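Only one chain is given next, in structure tokens, and it is the form deposited in one PDB entry.
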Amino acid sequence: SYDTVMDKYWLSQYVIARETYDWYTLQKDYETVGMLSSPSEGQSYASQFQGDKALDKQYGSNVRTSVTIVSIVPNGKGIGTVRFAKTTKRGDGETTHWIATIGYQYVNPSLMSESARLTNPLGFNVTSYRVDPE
């Protein structure tokens, strides 16, 4: 269905933004994840760029981790599975495989601003995020 393609699109945008580490894309991705998730998930995600051992502090412009969406399975019940590959470099770097289990819902778009709808037109909102090894 039409809805299924649309879910895969948002699930993909979400994973790519959350799983990517790139100094020059950092604030935009951090902001994408922020607008795309509930407060509870937002803080949880934010925790890694918080404190002193923050990733940006550690890595800076030296490390880069690119994401490759391999497959996405929406389940039509608010849960989505996303298989993807992570590639980290400072050579070919190290490529690792993972599965993100995502809890998501669409929140009434008419309750946001028009400008906010320019980035999240359908009110896509992530309620829970889980990443596991293969």
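When you see a residue number, it is the position in the sequence shown, counting from 1.
Below, we turn to the form solved in complex with a small molecule, even though it does not appear here.
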{"query": "Interface residue in the bound PDB entry among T32, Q48, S38, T101, criterion: non-hydrogen atom within 4.5 angstroms of the small molecule", "finding": "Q48"}
{"query": "Proximity of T20 to the small molecule in the bound PDB entry, heavy atoms at 4.5 Å", "finding": "yes"}
{"query": "Exercise: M6 in contact with the small molecule in the bound PDB entry, heavy atom 4.5 Å", "finding": "no"}
{"query": "Distance check, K86 to the small molecule in the bound PDB entry, heavy atom within 4.5 Å", "finding": "yes"}
{"query": "Close approach of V73 to the small molecule in the bound PDB entry, 4.5 Å, heavy atom", "finding": "no"}
